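Please treat every number below as a calculation from the coordinates, not as lab data. Heads up, the Cβs are rebuilt from the backbone with ideal geometry, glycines too, and the neighbour counts pull from every protein chain shown.
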Amino acid sequence: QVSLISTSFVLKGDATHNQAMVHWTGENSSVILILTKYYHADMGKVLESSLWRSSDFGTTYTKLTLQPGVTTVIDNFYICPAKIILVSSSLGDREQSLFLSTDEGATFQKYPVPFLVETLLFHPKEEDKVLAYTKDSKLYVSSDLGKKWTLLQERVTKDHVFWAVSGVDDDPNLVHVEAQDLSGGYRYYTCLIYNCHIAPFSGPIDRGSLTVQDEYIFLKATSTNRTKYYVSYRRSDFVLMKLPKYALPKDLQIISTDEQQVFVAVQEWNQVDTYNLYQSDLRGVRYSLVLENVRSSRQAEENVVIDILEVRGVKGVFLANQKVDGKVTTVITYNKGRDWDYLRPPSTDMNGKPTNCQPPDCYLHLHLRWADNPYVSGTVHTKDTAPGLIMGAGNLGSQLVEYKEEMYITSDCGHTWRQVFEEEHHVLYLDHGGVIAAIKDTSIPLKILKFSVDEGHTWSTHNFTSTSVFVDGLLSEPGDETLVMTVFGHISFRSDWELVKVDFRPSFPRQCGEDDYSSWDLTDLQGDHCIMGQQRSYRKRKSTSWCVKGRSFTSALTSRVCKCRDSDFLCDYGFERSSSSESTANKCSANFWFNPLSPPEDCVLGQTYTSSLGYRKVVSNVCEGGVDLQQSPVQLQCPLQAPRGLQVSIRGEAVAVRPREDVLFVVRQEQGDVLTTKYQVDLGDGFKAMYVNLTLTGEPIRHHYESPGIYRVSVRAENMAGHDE
Amino acid sequence: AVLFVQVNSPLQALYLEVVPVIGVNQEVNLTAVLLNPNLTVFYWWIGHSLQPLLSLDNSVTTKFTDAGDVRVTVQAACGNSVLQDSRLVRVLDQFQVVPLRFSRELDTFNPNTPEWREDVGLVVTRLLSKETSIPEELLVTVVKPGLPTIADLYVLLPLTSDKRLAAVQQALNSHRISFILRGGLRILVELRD
Amino acid sequence: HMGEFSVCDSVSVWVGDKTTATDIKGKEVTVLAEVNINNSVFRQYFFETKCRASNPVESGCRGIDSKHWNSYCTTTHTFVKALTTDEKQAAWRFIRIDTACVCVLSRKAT
Amino acid sequence: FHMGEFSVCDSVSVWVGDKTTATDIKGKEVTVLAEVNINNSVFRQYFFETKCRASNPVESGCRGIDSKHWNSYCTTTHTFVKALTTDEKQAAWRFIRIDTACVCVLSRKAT
Ligand SMILES: *[C@@H]1O[C@H](CO)[C@@H](O[C@@H]2O[C@H](CO)[C@@H](O[C@@H]3O[C@H](CO)[C@@H](O)[C@H](O)[C@@H]3O)[C@H](O)[C@H]2NC(C)=O)[C@H](O)[C@H]1NC(C)=O
Ligand SMILES: *[C@@H]1O[C@H](CO)[C@@H](O)[C@H](O)[C@H]1NC(C)=O
Ligand SMILES: *[C@@H]1O[C@H](CO)[C@@H](O)[C@H](O)[C@H]1NC(C)=O
Ligand SMILES: *[C@@H]1O[C@H](CO)[C@@H](O)[C@H](O)[C@H]1NC(C)=O
């Protein structure tokens, strides 16, 4: 029927327990490294370890030795990204060292460290460049693979240091840092590989610097009664992000700054349960509503999780779990968030008795990122590696529960779902969705293994081991175009570890030809082919063919275009939709707090702003424009600004003032700067003085009071538009 | 030996809550919203006189014998930090007061942020002016801080004021004055008996 | 075939759909489906593990010196504290839960 | 006492009120609370632990083994109990590993 090989191996060391790390080295190398480490609780944090290396698909592991008492390798041993180099870290009471390899861990050379260590981080492309986070919160760097070291920063924050993108920004030697300045200041620095200071905007943050490797940079400005959040696109000047003025945020998290725009989640009302999903434009400023409610938890102390999954196989496909009242429902969108809908039930299994759910009153639901129930040991997952393939565990009805989890799969990107397994199952993909392997996720050991080569329509069972094993993890050879699988866990009767190599290549040793595929046109839940303005059709491997989809995969070969429609436009910032689903079309009306007549921020006299009508084309929608609700109003104007938000303050924290002292005064506005603005000033002691463009200076003015006592300072901002005090 | 100590180091923000308009000889229930227990230091600058009033409580109650514009300032220094907020209010004499009912649904989306309340009152005033053709700056809407959303409208003069009152009454009752709060959510405003 | 055999064949399963059980005193009690503690709702999950069969082979347990011994497999027994009710009062009672399958012997008379 | 002479392996039971440390299902060592508060009622975490006395009750591992064809040894098995424990951060009703019985393991010999 099929043809494969399976080989088990036990780490020969009898003294094996506690934890372990398994990692491949580069693509198509057949070399695996493992660190078997022994932890200690009760504030000990001590480690004892051994090192293992396999140079043959993980079928034979050699215990790598060193001459003295075996080195206490600590936690992260890590490889060089992209270019094979290995680094191992070692802890002592106060002492430290390092080990470096250039031949896949065959010859580890020893080097010393002139500082402590907590973690490391390589450069995405530079092979010999790597920085080091030092336990006492420091940041060192090295361009010679860590043989020697120099110092960059001294008060960095935990896991808020980044490298500049190598593909973007055209400069690859930058180091972005979130570091504590002075006493209780947090700033954003940018240094280079040699030395340093603050090129972009910098203010106060409470540990919230976030830079996704795409074009965006973000900032969390904590303030006095209302907080702010800033964005920087293509390393431009920082701009306050446009959130609803009165739909107030408590906390927020960047869901996806992937592809063209920004997806953020913002918890408005403190239900401690739900978030709202907002979407921006290409610049990442104009945020509009997309999804109403989503689950939200907090496993780690300061880390939260939000139930949403973006299918990378098709740009613009999202799945999300909403929590309304007490019901957790699953919804999907192909319109990149414009319209969402439920998942279609299969109504078939081994016994497809149609007493199961029909469309009208109960659909299909999936546990995306949350496993409520205890017996499952591994983290829950719904995977989306291949285009059109989405496999995951869930319920089948009106909401999700903890009791019953069934493994469903879809091969046409949500349109057709099918039920496969009872209970949850670890899933591993091979050959860009060519082979799907499943292992029951539970606390009981097992010896079975499910696998399917036809996208979950026919599975086969295999005894991959002899003694029953606790399943800890599934890994694949890097690239995922291969067909080599690695299973690892500790067996039942004894505690020693066990790994299993699985090789499906004996059944797939041939390359797929262009005639080894069948057609599959992309539709949605409505049978419409114009998705994102583009009719797409993909290829699916023939059932009567045993071939490899290849190092490079051919997808979306049949591409046709459509003209734009009302379904290709959503509301702009501050506009909302009327009525309900399958009723009134996309009518975006302006809500009350803001009106599109208002001028934009910083319209200097001379410029001409363009008012908006409340609609915008779906970002990444490639429909034929020209006609079909382009809605270019051609409304050009700009008015003179009026003085508002006038506030006078004293520089710093001079809570008490002494007579004959350099007292510094600063005045600020909020509604632009008109180039003819009068600022009258009385300093309470008869000092009359009128100035112009005080906010243009930004620097204080000195004054010295003669008599001890109380005074009232009055400032008047005046134009030909209004007056403020 | 005795030593009294107090422990309230950080102060975040303050805000002075006061209605924008009230008549002469009326008691004003000024509130000083601050970050705090009964340990609170409050300096109150009610008017022109320098000498500030001392208070441990958030609220004070005062009057105004004169009309016009009054500067009301409040300063808070519980620990070693100084916060201060000011507000200018109008004291009138020629006006008519109208109570205003809002729809109940608005309550479920009503934060007491004074700027939200300001924008709501401004929207109500705009709609009143658009449905009565009367001057817009002579209509002041204050929607209160209470949990149930209740508004009060001040209608100024600078007779014909009876017909203006009747015009607003017809604008609210005979035609229901509508308000688009949230997408798919419409609020209505009418009279509060 | 090979590897490491268990002397008796066991069957493990998690049970969240628990309705009835037997308490420590021997009275049939009713296990509540869900528990409320600190406004958190838990499902009563119990890990049960019984025997697959009392005769894995012809001579009772597997791998016994049958020439001089008689053998048979039997289920184990432990107690778990769970929120139950006895048709009258709801309380946190201890209930009987299976955990393993063990072989027991008896000397054979040649 | 229809069991027989003895079990194939030497078992020993005990009730543990002195529960301080344990290992959860995820493999992390946690600290066990001494007492539990539910509503206003205070309980104590008692655990019923049954383990082995020895891995070789006789010379050929387990008691009553056809050692001419098998190798044997006794080992302690377990189950998971939902108990109120805590880590360095938060306390929760975690499932921890508790010994509950003693079993025998066999392996085929080479004739
Ligand atoms: C700072 O700004 C915040 C909003 O960001 C203001 O917080 C809100 O203040 C109102 C008025 O005090 C709170 O409503 C109150 O609720 C209590 C019940 O807890 C009720 O008894 C009162 O009658 C009043 O309605 C509201 O909960 C609070 N929070 C939010 C999210 O709106 C605050 O007033 C501002 N203050 C300062 C000093 O900056
Ligand atoms: C392999 O597993 C199958 C299904 O569980 C079972 O029928 C068969 O006996 C097993 N074989 C071995 C050698 O374990
Ligand atoms: C001020 O408000 C408080 C709170 O309702 C009330 O007890 C008091 O009577 C009010 N005083 C005046 C003069 O309105
Ligand atoms: C604070 O002290 C004042 C004394 O004037 C008293 O009236 C008030 O009830 C006290 N409030 C609290 C919360 O103790």
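About the Cα centre of chain C, what is the dipole size in debye to 20, counting +1 per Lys and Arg Cβ and -1 per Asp and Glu Cβ, all else neutral? Don't skip to the end; give the middle numbers.
Details: 14 positive and 12 negative charges, 64 e Å.
Once rounded to the nearest 20, the dipole reads 300 debye.
Between A:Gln637 and A:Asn76, what's the calculated FRET efficiency when r is the beta-carbon distance and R0 is 60 Å? Round to 0.05.
0.55
Inside 10 Å of the C-beta atoms of A:486-498, what's the mean count of C-beta atoms belonging to other chains?
Counting Cβ atoms of other protein chains within 10 Å of each residue's Cβ and averaging gives 2.
Note down the nm distance, to one decimal, between modelled labels 7 Å out along Cα→Cβ at B:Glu131 and at A:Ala689.
Each label point lies 7 Å from its Cα, and together they span 5.3 nm.
For segment A:342-480, what class follows from the C-alpha gyration tensor (a ≥ b ≥ c being the square roots of its eigenvalues): rounded when a/c is under 1.5, otherwise prolate if a/b is larger than b/c, else oblate?
The shape class here is prolate.
What GluC sites (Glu not before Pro) does segment C:2-110 have in DSSP loop regions with at most 11 other beta carbons within 10 Å?
Hits after loop and neighbour filter: C:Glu58, C:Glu87.
Over the whole of D:33-42, what's the average partner chain Cβ count within 10 Å per residue? Rounded to a whole number, please.
Average per residue, whole number: 2.
Across the residues of C:47-54, average count of Cβ atoms on other protein chains within 10 Å?
For this peptide, the per-residue mean of nearby foreign Cβ atoms is 2.
Loop sites only, by DSSP: take the GluC sites (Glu not before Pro) in chain D that have at most 13 other C-beta atoms within 10 Å and name the longest stretch containing none of them.
Here the longest segment lacking exposed loop sites spans D:6-58.
How would segment A:657-697 be classified by its alpha-carbon gyration tensor: rounded, prolate or oblate, with rounded meaning a/c under 1.5 and the a/b versus b/c comparison settling the rest?
prolate
Name the residue from B:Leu50, B:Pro135, B:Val18 whose Cα lies farthest towards the positive end of the charge dipole of chain B, charges +1 on Cβ of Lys and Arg and -1 on Cβ of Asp and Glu.
My answer, from the dipole projection, is B:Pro135.
Taking every DSSP beta bridge that has both residues in chain A, what percent is antiparallel when rounded to the nearest 5?
Bridges in chain A that DSSP calls antiparallel: roughly 100 percent.
Just to be sure I understand: with springs between alpha-carbon atoms less than 10 Å apart, which residue in C:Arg52, C:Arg93, C:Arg43 has the highest mean-square fluctuation in the Gaussian network model of chain C?
Evaluated over chain C, the most mobile residue of the options is C:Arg43.
With the contact rule set at Cα under 8 Å and sequence spacing of 6 or more, what percent relative contact order holds for chain C?
Relative contact order of chain C: 30 percent.
How much length is gained if the chain between A:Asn595 and A:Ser507 is pulled fully straight, taking 0.36 nm per residue apart and subtracting their Cα-Cα distance, in nm to one decimal?
Length gained between A:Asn595 and A:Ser507: 25.2 nm.
Report the chymotrypsin sites (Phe, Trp or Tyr not before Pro) located in segment A:109-150 that are in a DSSP loop and have at most 16 other Cβ atoms inside 10 Å of their Cβ, or state none. Could the numbers behind the result be given before it?
On the way: sites: A:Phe115, A:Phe122, A:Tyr133, A:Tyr140, A:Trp149; in loops: A:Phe115, A:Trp149.
When the chymotrypsin sites (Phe, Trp or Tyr not before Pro) of segment A:109-150 are filtered for loop state and at most 16 Cβ neighbours within 10 Å, A:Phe115 remain.
Among the listed pairs A:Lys404/A:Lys542; A:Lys501/D:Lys109; A:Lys327/C:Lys50; C:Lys81/D:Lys19; B:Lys63/B:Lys163, which have their C-alpha atoms separated by more than 24 angstrom in this model?
From A:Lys404/A:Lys542; A:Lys501/D:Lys109; A:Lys327/C:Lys50; C:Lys81/D:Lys19; B:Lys63/B:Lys163, over 24 Å: A:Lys404/A:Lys542; A:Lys501/D:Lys109; A:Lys327/C:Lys50; B:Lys63/B:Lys163.
Check each of the chymotrypsin sites (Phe, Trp or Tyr not before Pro) in segment C:39-87 and keep only those in coil by DSSP with at most 16 other C-beta atoms within 10 angstrom; list them in order.
none
For chain A, just say rounded, prolate or oblate: build the C-alpha gyration tensor, square-root its eigenvalues into a ≥ b ≥ c, call rounded for a/c under 1.5, and beyond that prolate if a/b exceeds b/c, oblate if not.
oblate
Grab the beta carbon distance between B:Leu147 and D:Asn40, set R0 = 30 Å, and tell me the FRET efficiency rounded to 0.05.
Once rounded, the FRET efficiency stands at 0.40.
What fraction of the DSSP beta bridges in chain B is antiparallel, stated in percent and rounded to the nearest 5?
About 95 percent, rounded to the nearest 5.
Modelling each spin label as a point 7 Å along the Cα-to-Cβ direction, I'd like the A:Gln19/C:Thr22 distance in nm, to one decimal.
Taking the two extended label points, one gets 4.3 nm.
Let me know the whole percent of all Cα-Cα pairs from chain C that are separated by more than 21 Å.
Within chain C, distances greater than 21 Å cover 50 percent of Cα pairs.
Under a point spin-label approximation (7 Å from Cα along Cα-to-Cβ), what is the A:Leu525-B:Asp66 distance to one decimal in nm?
6.8
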